[PDB]
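> I am sharing protein_23.cif, which consists of mmCIF, C-alpha atoms and all ligand atoms:
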```cif
data_entry
loop_
_atom_site.label_atom_id
_atom_site.label_comp_id
_atom_site.auth_asym_id
_atom_site.auth_seq_id
_atom_site.Cartn_x
_atom_site.Cartn_y
_atom_site.Cartn_z
CA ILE F 1 17.67 33.82 16.33
CA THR F 2 14.19 33.96 17.88
CA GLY F 3 11.54 32.68 15.49
CA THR F 4 9.28 29.76 14.73
CA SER F 5 10.39 26.28 13.72
CA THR F 6 9.83 25.44 10.05
CA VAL F 7 10.75 22.73 7.53
CA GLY F 8 12.54 23.60 4.31
CA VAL F 9 13.61 21.44 1.41
CA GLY F 10 16.75 21.43 -0.68
CA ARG F 11 19.44 19.45 -2.45
CA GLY F 12 22.74 18.30 -1.03
CA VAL F 13 26.20 18.10 -2.56
CA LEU F 14 25.46 14.77 -4.28
CA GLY F 15 22.15 16.01 -5.75
CA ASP F 16 19.79 14.30 -3.35
CA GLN F 17 16.70 16.04 -2.02
CA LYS F 18 16.21 16.32 1.72
CA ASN F 19 14.03 18.14 4.22
CA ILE F 20 15.82 20.45 6.67
CA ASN F 21 14.75 21.98 9.97
CA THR F 22 14.80 25.78 9.69
CA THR F 23 13.61 28.82 11.66
CA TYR F 24 11.47 31.63 10.26
CA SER F 25 11.94 35.22 11.37
CA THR F 26 11.75 37.46 8.24
CA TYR F 27 14.19 35.07 6.56
CA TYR F 28 14.35 31.29 6.86
CA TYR F 29 17.52 30.36 8.73
CA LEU F 30 19.49 27.11 8.93
CA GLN F 31 18.61 26.79 12.61
CA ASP F 32 17.14 23.45 13.74
CA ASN F 33 15.35 23.89 17.07
CA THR F 34 14.27 20.24 17.28
CA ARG F 35 17.63 18.96 18.59
CA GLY F 36 19.00 20.12 21.91
CA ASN F 37 19.77 23.81 22.10
CA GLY F 38 19.85 23.92 18.32
CA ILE F 39 21.90 23.15 15.23
CA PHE F 40 23.10 26.30 13.46
CA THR F 41 24.75 26.49 10.03
CA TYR F 42 26.70 29.54 8.85
CA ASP F 43 28.04 30.95 5.57
CA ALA F 44 31.77 31.72 5.70
CA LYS F 45 31.49 33.26 2.19
CA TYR F 46 34.87 31.92 0.97
CA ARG F 47 36.66 33.74 3.80
CA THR F 48 38.44 32.48 6.88
CA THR F 49 36.71 34.65 9.53
CA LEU F 50 34.46 32.44 11.65
CA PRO F 51 31.69 31.67 11.99
CA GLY F 52 30.43 34.00 9.28
CA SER F 53 26.72 34.78 9.04
CA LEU F 54 23.88 32.47 10.13
CA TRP F 55 22.58 31.05 6.86
CA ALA F 56 19.57 33.04 5.67
CA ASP F 57 17.28 32.17 2.76
CA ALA F 58 14.29 34.06 1.39
CA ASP F 59 11.96 31.14 0.53
CA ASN F 60 12.88 28.04 2.57
CA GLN F 61 13.99 26.24 -0.63
CA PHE F 62 17.68 25.33 -0.86
CA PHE F 63 18.25 24.09 -4.42
CA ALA F 64 21.02 26.46 -5.55
CA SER F 65 24.48 25.05 -6.02
CA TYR F 66 25.78 27.48 -3.39
CA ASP F 67 23.23 26.04 -0.91
CA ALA F 68 24.27 22.38 -1.23
CA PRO F 69 27.19 22.31 1.27
CA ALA F 70 25.02 24.08 3.84
CA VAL F 71 22.11 21.66 3.35
CA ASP F 72 24.36 18.66 4.02
CA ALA F 73 26.34 20.16 6.93
CA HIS F 74 23.03 21.03 8.62
CA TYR F 75 21.26 17.74 7.86
CA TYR F 76 24.18 15.44 8.71
CA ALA F 77 24.84 17.30 11.96
CA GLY F 78 21.23 16.40 12.81
CA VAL F 79 21.77 12.73 11.97
CA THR F 80 24.92 12.68 14.10
CA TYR F 81 23.06 14.28 17.02
CA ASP F 82 20.36 11.61 16.67
CA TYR F 83 22.94 8.80 16.66
CA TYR F 84 24.57 9.99 19.88
CA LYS F 85 21.22 10.58 21.60
CA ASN F 86 19.43 7.45 20.46
CA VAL F 87 22.34 5.00 20.59
CA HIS F 88 24.46 6.32 23.48
CA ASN F 89 22.04 8.50 25.45
CA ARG F 90 24.40 11.46 24.91
CA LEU F 91 22.88 14.91 24.43
CA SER F 92 25.09 16.78 21.96
CA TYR F 93 28.87 16.87 22.15
CA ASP F 94 29.07 18.12 25.76
CA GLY F 95 26.34 15.83 27.12
CA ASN F 96 24.18 18.85 28.01
CA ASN F 97 22.67 19.74 24.63
CA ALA F 98 25.24 22.35 23.59
CA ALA F 99 24.32 24.17 20.39
CA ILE F 100 26.07 22.67 17.37
CA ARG F 101 27.57 25.23 14.98
CA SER F 102 29.00 24.61 11.50
CA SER F 103 30.39 26.95 8.83
CA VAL F 104 30.53 26.06 5.14
CA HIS F 105 32.23 27.75 2.17
CA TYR F 106 35.35 28.16 4.33
CA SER F 107 38.24 29.70 2.37
CA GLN F 108 38.88 28.98 -1.32
CA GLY F 109 39.69 25.58 -2.76
CA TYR F 110 40.00 24.26 0.78
CA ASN F 111 40.66 20.50 0.88
CA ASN F 112 39.80 19.87 4.53
CA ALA F 113 37.31 20.14 7.37
CA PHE F 114 37.93 20.56 11.10
CA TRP F 115 36.64 21.26 14.58
CA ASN F 116 38.25 24.55 15.68
CA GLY F 117 37.63 24.10 19.44
CA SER F 118 34.14 25.64 19.20
CA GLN F 119 32.50 24.70 15.86
CA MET F 120 32.78 22.60 12.72
CA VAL F 121 34.30 24.10 9.58
CA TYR F 122 34.04 22.75 6.01
CA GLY F 123 35.98 23.59 2.89
CA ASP F 124 34.48 23.35 -0.57
CA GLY F 125 37.46 21.43 -1.92
CA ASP F 126 39.29 22.37 -5.08
CA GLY F 127 36.93 20.36 -7.29
CA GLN F 128 39.64 17.76 -8.06
CA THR F 129 40.87 16.39 -4.73
CA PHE F 130 37.49 17.06 -3.06
CA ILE F 131 34.01 18.35 -3.60
CA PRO F 132 32.49 20.15 -0.59
CA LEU F 133 33.37 18.01 2.39
CA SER F 134 30.03 18.24 4.18
CA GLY F 135 28.67 15.95 1.45
CA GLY F 136 30.18 13.03 3.37
CA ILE F 137 28.10 11.89 6.35
CA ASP F 138 31.16 10.06 7.71
CA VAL F 139 33.18 13.29 7.44
CA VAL F 140 30.51 15.35 9.24
CA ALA F 141 30.25 12.78 12.00
CA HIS F 142 34.06 12.55 12.18
CA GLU F 143 34.19 16.31 12.82
CA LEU F 144 31.46 16.34 15.45
CA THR F 145 33.12 13.40 17.14
CA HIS F 146 36.25 15.54 17.65
CA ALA F 147 34.04 17.75 19.86
CA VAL F 148 32.81 14.67 21.77
CA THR F 149 36.41 13.55 22.32
CA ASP F 150 37.50 17.01 23.43
CA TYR F 151 34.73 17.14 26.07
CA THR F 152 35.42 13.57 27.30
CA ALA F 153 38.78 11.81 27.05
CA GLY F 154 40.50 14.97 25.79
CA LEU F 155 43.09 13.03 23.77
CA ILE F 156 46.00 15.34 22.92
CA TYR F 157 46.29 15.80 19.13
CA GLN F 158 49.77 14.33 18.60
CA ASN F 159 51.53 10.97 18.51
CA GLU F 160 49.64 7.93 19.85
CA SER F 161 46.97 9.84 21.76
CA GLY F 162 46.30 11.86 18.61
CA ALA F 163 46.06 8.72 16.47
CA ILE F 164 43.49 7.38 18.96
CA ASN F 165 41.66 10.71 18.70
CA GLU F 166 41.59 10.32 14.90
CA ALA F 167 40.49 6.68 15.03
CA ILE F 168 37.65 7.54 17.41
CA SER F 169 36.43 10.07 14.84
CA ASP F 170 36.71 7.54 11.98
CA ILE F 171 34.98 4.81 14.04
CA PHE F 172 32.02 6.95 15.03
CA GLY F 173 31.92 8.62 11.62
CA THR F 174 31.47 5.13 10.18
CA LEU F 175 28.94 4.06 12.80
CA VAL F 176 26.86 7.16 12.00
CA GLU F 177 27.09 6.30 8.30
CA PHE F 178 25.75 2.82 9.11
CA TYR F 179 23.03 4.35 11.35
CA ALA F 180 21.73 6.43 8.43
CA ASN F 181 22.06 3.28 6.27
CA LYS F 182 22.61 4.85 2.84
CA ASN F 183 25.48 3.09 1.05
CA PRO F 184 27.38 2.41 4.30
CA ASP F 185 30.93 1.11 4.27
CA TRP F 186 34.13 0.96 6.33
CA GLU F 187 35.83 3.58 4.12
CA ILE F 188 36.27 7.28 5.02
CA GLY F 189 35.26 10.12 2.75
CA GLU F 190 34.40 8.13 -0.37
CA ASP F 191 31.43 10.38 -1.19
CA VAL F 192 33.49 13.59 -1.45
CA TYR F 193 37.03 12.49 -2.35
CA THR F 194 38.35 12.69 -5.94
CA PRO F 195 35.20 13.18 -8.05
CA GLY F 196 37.21 12.05 -11.10
CA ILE F 197 38.11 8.65 -9.59
CA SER F 198 35.59 5.94 -8.69
CA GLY F 199 36.10 3.45 -5.89
CA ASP F 200 38.69 5.27 -3.79
CA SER F 201 38.55 6.75 -0.31
CA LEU F 202 40.58 8.99 1.91
CA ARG F 203 41.23 6.10 4.36
CA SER F 204 40.05 2.51 4.71
CA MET F 205 39.27 0.95 8.09
CA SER F 206 38.96 -2.57 6.65
CA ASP F 207 42.30 -2.36 4.84
CA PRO F 208 44.22 0.77 5.91
CA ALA F 209 47.21 -0.27 3.84
CA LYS F 210 45.18 0.22 0.62
CA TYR F 211 45.83 3.97 1.08
CA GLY F 212 49.27 3.54 2.65
CA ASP F 213 48.35 3.58 6.31
CA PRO F 214 49.68 0.99 8.77
CA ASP F 215 47.62 -2.01 9.84
CA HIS F 216 50.06 -3.27 12.51
CA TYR F 217 51.94 -1.56 15.31
CA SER F 218 55.27 -2.69 13.85
CA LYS F 219 54.53 -0.43 10.84
CA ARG F 220 53.70 2.68 12.83
CA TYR F 221 55.03 6.04 11.72
CA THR F 222 57.44 7.63 14.16
CA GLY F 223 58.29 10.93 12.40
CA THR F 224 56.91 14.41 12.90
CA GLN F 225 54.65 14.98 9.86
CA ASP F 226 50.92 15.14 10.48
CA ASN F 227 51.30 15.84 14.22
CA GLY F 228 53.29 12.63 14.55
CA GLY F 229 51.13 10.63 12.15
CA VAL F 230 47.69 11.13 13.70
CA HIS F 231 45.89 10.36 10.37
CA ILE F 232 48.43 7.60 9.57
CA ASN F 233 48.72 5.59 12.78
CA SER F 234 44.94 5.81 13.19
CA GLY F 235 44.96 2.90 10.70
CA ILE F 236 46.22 0.55 13.42
CA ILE F 237 43.26 1.35 15.68
CA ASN F 238 40.77 1.55 12.80
CA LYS F 239 41.83 -1.97 11.78
CA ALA F 240 41.38 -3.25 15.33
CA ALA F 241 37.89 -1.70 15.49
CA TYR F 242 36.97 -3.20 12.10
CA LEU F 243 38.11 -6.62 13.32
CA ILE F 244 36.15 -6.34 16.57
CA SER F 245 32.98 -5.63 14.61
CA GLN F 246 33.38 -7.73 11.49
CA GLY F 247 35.98 -10.37 12.39
CA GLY F 248 38.81 -11.72 10.28
CA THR F 249 42.25 -13.29 10.38
CA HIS F 250 44.98 -10.64 10.19
CA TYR F 251 48.70 -11.44 10.34
CA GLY F 252 47.61 -14.96 11.29
CA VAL F 253 45.48 -13.89 14.30
CA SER F 254 41.81 -14.78 14.08
CA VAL F 255 39.09 -12.48 15.48
CA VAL F 256 35.44 -13.42 15.92
CA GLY F 257 33.35 -10.38 15.09
CA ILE F 258 30.74 -9.13 17.53
CA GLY F 259 29.02 -6.53 15.32
CA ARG F 260 28.81 -2.76 15.03
CA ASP F 261 26.46 -2.07 17.92
CA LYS F 262 28.77 -3.78 20.42
CA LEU F 263 31.86 -2.14 18.88
CA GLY F 264 30.17 1.22 19.41
CA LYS F 265 29.20 0.44 23.02
CA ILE F 266 32.70 -0.72 23.90
CA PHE F 267 34.49 2.25 22.32
CA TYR F 268 31.95 4.79 23.61
CA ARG F 269 32.45 3.49 27.16
CA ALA F 270 36.23 3.49 26.72
CA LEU F 271 36.15 7.08 25.42
CA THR F 272 33.89 8.41 28.16
CA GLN F 273 35.05 6.41 31.19
CA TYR F 274 38.65 5.28 30.80
CA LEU F 275 40.71 7.18 28.23
CA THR F 276 42.65 10.28 29.28
CA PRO F 277 44.40 13.08 27.39
CA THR F 278 47.66 11.14 27.26
CA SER F 279 46.44 7.58 26.64
CA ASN F 280 48.65 5.51 24.33
CA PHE F 281 47.69 2.48 22.24
CA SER F 282 48.43 -0.02 25.02
CA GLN F 283 46.23 2.03 27.37
CA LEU F 284 43.47 2.04 24.76
CA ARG F 285 43.62 -1.76 24.64
CA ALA F 286 43.28 -1.84 28.44
CA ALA F 287 40.37 0.63 28.30
CA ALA F 288 38.56 -1.39 25.63
CA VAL F 289 39.08 -4.67 27.53
CA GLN F 290 37.77 -3.09 30.73
CA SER F 291 34.81 -1.56 28.90
CA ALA F 292 33.86 -4.89 27.34
CA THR F 293 34.27 -6.55 30.76
CA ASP F 294 31.90 -4.00 32.34
CA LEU F 295 29.28 -4.52 29.65
CA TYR F 296 29.51 -8.24 28.91
CA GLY F 297 31.57 -9.97 31.63
CA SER F 298 35.19 -11.08 31.87
CA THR F 299 34.54 -14.51 30.29
CA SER F 300 32.49 -13.13 27.41
CA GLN F 301 33.08 -13.53 23.70
CA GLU F 302 33.14 -9.73 23.50
CA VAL F 303 36.18 -9.46 25.79
CA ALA F 304 37.93 -12.30 23.95
CA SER F 305 37.39 -10.59 20.60
CA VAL F 306 38.72 -7.23 21.84
CA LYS F 307 41.91 -9.00 22.95
CA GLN F 308 42.24 -10.89 19.66
CA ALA F 309 41.79 -7.73 17.62
CA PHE F 310 44.47 -5.82 19.50
CA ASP F 311 46.76 -8.87 19.27
CA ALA F 312 46.16 -8.96 15.50
CA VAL F 313 47.40 -5.36 15.14
CA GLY F 314 50.35 -5.90 17.49
CA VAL F 315 49.16 -3.79 20.43
CA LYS F 316 49.72 -5.33 23.86
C1 LIG H 1 43.14 15.57 3.20
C2 LIG H 1 42.53 15.75 4.60
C3 LIG H 1 41.02 15.92 4.45
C4 LIG H 1 42.89 14.55 5.48
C5 LIG H 1 42.99 14.87 6.96
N1 LIG H 1 41.77 15.34 7.53
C6 LIG H 1 40.72 14.50 7.86
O1 LIG H 1 40.79 13.30 7.70
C7 LIG H 1 39.51 15.19 8.46
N2 LIG H 1 39.79 16.47 9.05
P1 LIG H 1 40.28 16.62 10.63
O2 LIG H 1 40.92 15.28 11.05
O3 LIG H 1 39.20 17.03 11.56
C8 LIG H 1 41.54 17.91 10.52
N3 LIG H 1 41.69 18.56 11.82
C9 LIG H 1 42.92 19.10 12.19
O4 LIG H 1 43.87 19.17 11.48
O5 LIG H 1 42.94 19.60 13.47
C10 LIG H 1 43.98 20.59 13.67
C11 LIG H 1 43.30 21.67 14.52
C12 LIG H 1 43.50 21.68 15.87
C13 LIG H 1 42.90 22.65 16.64
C14 LIG H 1 42.10 23.64 16.08
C15 LIG H 1 41.94 23.64 14.70
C16 LIG H 1 42.50 22.63 13.93
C17 LIG H 1 44.11 15.79 7.35
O6 LIG H 1 43.87 16.85 7.98
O7 LIG H 1 45.27 15.42 7.05
CA CA H 2 16.06 29.72 -1.48
CA CA H 3 29.42 5.17 2.00
CA CA H 4 32.21 5.87 4.48
CA CA H 5 36.74 9.40 -5.68
ZN ZN H 6 40.01 14.20 12.41
#
```
Reformat the file's structure so that it appears as structure tokens.

Amino acid sequence: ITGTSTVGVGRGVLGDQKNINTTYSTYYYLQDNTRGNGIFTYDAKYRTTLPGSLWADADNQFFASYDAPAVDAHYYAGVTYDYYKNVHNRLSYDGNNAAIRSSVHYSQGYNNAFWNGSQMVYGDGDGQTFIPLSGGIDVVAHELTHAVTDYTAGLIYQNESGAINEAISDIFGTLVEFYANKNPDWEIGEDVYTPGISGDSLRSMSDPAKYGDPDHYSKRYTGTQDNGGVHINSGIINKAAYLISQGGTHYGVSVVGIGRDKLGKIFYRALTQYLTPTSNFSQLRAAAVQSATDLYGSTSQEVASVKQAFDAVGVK
């Protein structure tokens, strides 16, 4: 909408207060004009017709329970935009400042979130498996990263290419969580998963097998559930990324960590320069090795650690 840029205040899903960029034109809208061509947050009103209505508020204060998922979707989309711009010199998901759209209150009891080809979509959860999923910065950044992938490598959402697609979203979701630096970890979705259970997560990158996901290529899933295991086999790549950053000895193979910033540079370059829609795990290893070579040199520690990490997870 056409209006003037304003700053509202509200509370997110976890009860924390934050300032949000809004737009005033009769109502105050969840429309942040400070980032690219805007960040826009919509109310899906418990229905499945998208996007719903651009979120309107009478007073620029967003403290109602119903407001909380919208506050966090809007705010964390902004943090994710800032990460890509400041860290990778990427302007929104298309590289040309495309408007970022999200809808909250999607459906009823909806235990998921997704990128639908055009926008982000967040369920509220059923209150037992999940609380509203936009409360997780890693989840929000995971979703926006699907848009980045779709505009760049274009990894097809099945089998190995789809597991790479998923891992890319978990990797950058985690790197955005570290960028914001509020309780960061290598777990996925801990802030919104299972409100009745402390200390669990939807996935772990440091130890995928904690939640049943493989941590070695020999343990990959080969069936047809979950688009050929895209959220399962992502554990193999998530573990390799964790090892590149943090180091460790895994199945007897030792990896010297090189830190998060270098992990992010290597995988961002691989995603945007070398991966293709049909890349498999072996091709990802080659892309990551080449990316590290470009950035740091063929004889560098960084290249050596990429190779060790993929060796540790059984990917040649
Ligand atoms: C219990 C769940 C929260 C776990 C998991 N989801 C995630 O980890 C995050 N959502 P996501 O990975 O973005 C879904 N995304 C997904 O299933 O994409 C299918 C699609 C393709 C094209 C258009 C619309 C949807 C899942 O779906 O099993
Ligand atoms: Ca209000
Ligand atoms: Ca965390
Ligand atoms: Ca996390
Ligand atoms: Ca929990
Ligand atoms: Zn995903």
> As an exercise, work out the distance from CA of residue 204 in chain F to CA of residue 235 in chain F in Å and give it to one decimal place.
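Straight-line distance from CA of residue 204 in chain F to CA of residue 235 in chain F works out to 7.8 Å.
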> I'd like a table as a Markdown table: residues in chain F with an atom no more than 12 Å from ligand CA 5 (chain H), each row giving the shortest atom pair and its distance in Å to one decimal, only C-alpha atoms and all ligand atoms counted, sorted by chain and rising residue number.

```
| residue | atom | partner | partner_atom | distance |
| --- | --- | --- | --- | --- |
| F:127 | CA | H:CA5 | CA | 11.1 |
| F:128 | CA | H:CA5 | CA | 9.2 |
| F:129 | CA | H:CA5 | CA | 8.2 |
| F:130 | CA | H:CA5 | CA | 8.1 |
| F:131 | CA | H:CA5 | CA | 9.6 |
| F:136 | CA | H:CA5 | CA | 11.8 |
| F:187 | CA | H:CA5 | CA | 11.4 |
| F:188 | CA | H:CA5 | CA | 10.9 |
| F:189 | CA | H:CA5 | CA | 8.6 |
| F:190 | CA | H:CA5 | CA | 5.9 |
| F:191 | CA | H:CA5 | CA | 7.0 |
| F:192 | CA | H:CA5 | CA | 6.8 |
| F:193 | CA | H:CA5 | CA | 4.6 |
| F:194 | CA | H:CA5 | CA | 3.7 |
| F:195 | CA | H:CA5 | CA | 4.7 |
| F:196 | CA | H:CA5 | CA | 6.1 |
| F:197 | CA | H:CA5 | CA | 4.2 |
| F:198 | CA | H:CA5 | CA | 4.7 |
| F:199 | CA | H:CA5 | CA | 6.0 |
| F:200 | CA | H:CA5 | CA | 4.9 |
| F:201 | CA | H:CA5 | CA | 6.3 |
| F:202 | CA | H:CA5 | CA | 8.5 |
| F:203 | CA | H:CA5 | CA | 11.5 |
```
> So which residues are close to (27.2, 5.3, 21.4), meaning at most 9 Å away in the file's coordinates with only C-alpha atoms counted, and can you show them as an MDAnalysis selection string?
chainID F and resid 83:90 172 175 261 264:269
> Taking all atoms listed in the file into account, which of F:48, F:60, F:149, F:246 comes nearest ligand CA 2 (chain H)?
F:60
> So, counting only C-alpha atoms, which residue among F:297, F:314, F:162, F:38 is closest to residue 236 in chain F?
F:314
> Determine, counting all atoms listed in the file, which protein, DNA and RNA residues have an atom within 9 Å of an atom of residue 284 in chain F; residues of the same chain fewer than 4 positions away are not included. Present the result as a ChimeraX atom specification.
/F:164,270-271,274-275,279-280,288-289
> Nearest residue to ligand CA 3 (chain H) out of F:45, F:18, F:35, F:182, using only C-alpha atoms and all ligand atoms?
F:182
> So which one's closest to ligand CA 3 (chain H), F:70, F:176, F:30, F:58? Using only C-alpha atoms and all ligand atoms, please.
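Comparing F:70, F:176, F:30, F:58 against ligand CA 3 (chain H), the winner is F:176.
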> For residue 258 in chain F, which residue among F:302, F:133, F:287, F:240 is the nearest when counting all atoms listed in the file?
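Checking each candidate against residue 258 in chain F, we get F:302 as the closest.
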> For ligand LIG 1 (chain H), what centre and edge lengths in Å (one decimal) does the axis-aligned box get once 6 Å is added on each side of all its listed atoms, as lines of an AutoDock Vina configuration file?

```
center_x = 42.2
center_y = 18.5
center_z = 9.9
size_x = 18.1
size_y = 22.3
size_z = 25.4
```
> Using all atoms listed in the file, determine which residues fall within 8 Å of ligand ZN 6 (chain H), then list them as a PyMOL selection string.
chain F and resi 114+142-143+146+165-167+169-170+231
> Would you list the residues that come within 12 Å of ligand CA 2 (chain H)? Count only C-alpha atoms and all ligand atoms and give the answer as a VMD selection string.
chain F and resid 8 to 11 22 27 to 30 55 to 68 70 to 71
> Give the answer as one residue: which of F:292, F:304, F:256, F:312 has the shortest atom-to-atom distance to residue 217 in chain F, using all atoms listed in the file?
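For residue 217 in chain F, the nearest of the candidates is F:312.
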> Calculate how many Å separate CA of residue 125 in chain F from CA of residue 112 in chain F, rounding to one decimal.
7.0 Å
> Using only C-alpha atoms and all ligand atoms, what does the table of chain F residues within 6 Å of ligand CA 3 (chain H) look like, with each row giving the shortest atom pair and its distance in Å to one decimal, sorted by chain and ascending number, as JSON lines?

```
{"residue": "F:183", "atom": "CA", "partner": "H:CA3", "partner_atom": "CA", "distance": 4.6}
{"residue": "F:184", "atom": "CA", "partner": "H:CA3", "partner_atom": "CA", "distance": 4.1}
{"residue": "F:185", "atom": "CA", "partner": "H:CA3", "partner_atom": "CA", "distance": 4.9}
```
> Hey, can you check how far CA of residue 141 in chain F sits from atom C9 of ligand LIG 1 (chain H)?
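Between CA of residue 141 in chain F and atom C9 of ligand LIG 1 (chain H) the gap works out to 14.2 Å.
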